[PDB]
Each structure stands twice: as structure tokens, then as C-alpha cells.
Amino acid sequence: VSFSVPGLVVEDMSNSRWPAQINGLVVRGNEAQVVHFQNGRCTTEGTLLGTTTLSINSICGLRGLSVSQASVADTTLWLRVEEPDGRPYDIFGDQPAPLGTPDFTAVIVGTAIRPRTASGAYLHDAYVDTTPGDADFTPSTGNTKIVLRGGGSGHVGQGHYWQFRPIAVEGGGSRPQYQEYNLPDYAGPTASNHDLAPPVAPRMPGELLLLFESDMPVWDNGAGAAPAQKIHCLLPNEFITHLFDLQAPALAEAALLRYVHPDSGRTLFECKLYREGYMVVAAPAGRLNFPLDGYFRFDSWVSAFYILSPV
């Protein structure tokens, strides 16, 4: 099975850690805070890592049956978290948390949805505090607290299917910081994470990480004064489903991709997609000024010592 990557243009592809179209290519330096994403992790052989799900609508989300607080105006909803496909979460499996689980610290704003209930469907404005300041964010041990913002009492009784779908993160001076490179405490403050997908840090001199950027919407209680945010990922969802479906074995350490721009009728830059599932370019940190109506094309398997042409 020969290796290949999708021929879809960048602006048509979606973020693997957040529901947003890709609207930028940026290069990240070798910062103190190491990339350690749990979502959007796939090898070139199509091995999903961490909490990576192929189910796009399940990304950075939580889902499962409502339970009582004992068994574990704002109203708290308590979920027994499960996998996107409806099957139970394996506490002692080799995932840090259920697939799709948020992989960063912030207060994630979204909607709590109760879509199948016989008495009637229900939804409500909600948020999930994923920071260590929330002792109840413990999806690694089977439960999470979701806060229905300004209502929901009488609607959170046990025994019902719920989804939390993300819309934004909180911003503003009084509110907890959004830190996309800071992993949450999946088992809460009192216990440790386990089975994390490995850190991502380019080993070769001159090669810096290429990240796919999206806009991150911000909630600030109707003010509209908090500063705009972004969120990044190693690979678009379409790369991930493609690699998964393909299962091509890696013939070298990295796959040389060229970024082709039909309107220019030529290659704009080249990059290496390492077996471990991340891209690098020979370029300094910062935003790449290239049109996003171009696509990646697999040209060759190369060694780790293949020297990239400067971007």
C-alpha cells in the first residue's frame, strides 16, 4: 500500500482539535511549553494516538449518560463519560480519557444537548472548566461536571443521553486563561494522567514545527472586548481520516511533501511529514504568508537528515 496525502486545498480542511476551518499556516519555535496535543494525533501509517477520534463532531467534546451528584441560577450536570460511538469508556485502557475529550486548559463555552429524551428534546448554554481549578473535571476516572449557565434545573435528572458541544473559550481579565498547549489534569488534581500521546519537538537543527491554525472564538459575557484567539493542530482531520483509511507503512523516517499552488503553476514550499505525524519546514517562527488554495503532494520518502529548502 503506497503512501499518499489528501489533495484537498488547505482552506477546505478542518482543525483536528476544534470545530473550525483551517485559515492559516504558522511555524512554531522550540518553546518551553512543548506541544503535547492529545487530539489530532495520527502517524503516517494511520495509527491514532491519545484521544484522537475520526468523528469530527465529537472533537473537544464530552458525551454520555447523566448521573446523580451523589453517585459521583447555574445547574450542574453530571455525565458518565463514554466514547463517541456510544460504547463505554475503558478506565484501564490505553487512552488518557475518552476520544474527543478536550486536550487543553480553559473554560470551554458551548451547548449542553439532550437530543433523544422521550419527554422532549432539551438544550442549554453551558461551559466546562478544564483547568486544575476544577476538581470535577475527571474524565479519566469516568465522570465530568458540566455547568448549565443560568438555568437547567429540573432538566438534569439521571438516566439521559447528553452531549457537550464546544463553541468558544472564555476570555477577559477575571476569567481563567485559555492555554492550548497546557494539558488538563484528566483524573483531576489528586491523580495522574496516563497513556498520553508523546510530546512533539523537532530534533533536527533548522526544522521548526508547521502548525495548521484556526480562529478560536471568545466568550466574554457579551462585552466584546476580550482579545481574539487562535487554536492549532498538527494535521487537518482530512489528513487523519485519509491516513487511517490508507494504513500505508512508513518506508522512511519522513515523507517529503510539496505544497502545490495551481494558480501559480508551481511548488511554493516543501515540508517533511515525520512518521510520528507532524510536519516541519526550514523556516523561522511565525505566520507563513502563502495562499491557502494550495494542496500537499507526497513526492518522496526521505531520511531525517534530508535538508529542506528554506521556505
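Residues carry their position along the shown sequence, with the first being 1.
Coverage remark for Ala73: absent from the model in at least one third of the other entries compared whose chains are built on both sides.
Per the record, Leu123 and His124 follow each other directly, and no deposited residue is missing between them.
For the segment pair 274 to 282 and 260 to 268, the entry gives 260 to 268 the higher mean B-factor, averaged over Cα atoms.
When the mean C-alpha temperature factors of 17 to 25 and 297 to 305 are read from the deposited coordinates, 297 to 305 comes out higher. Going by the entry's values, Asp136 shows the largest Cα B-factor out of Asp215, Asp136, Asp103, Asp195.
Per the deposited coordinates, the residue with the largest Cα temperature factor out of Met204, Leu234, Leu99, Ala168 is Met204. Among the modelled residues of its chain, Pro84 has a C-alpha B-factor that falls in the lowest third according to the deposited record.
Annotation for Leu62: C-alpha temperature factor in the middle third relative to the rest of the modelled chain, per the entry.
In the PDB entry, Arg114 places in the middle third of its chain by CA B-factor. Looking at the C-alpha B-factors along this chain, the one for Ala250 belongs to the highest third. Remark: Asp94 belongs to the highest third of its chain, ranked by C-alpha B-factor as recorded.
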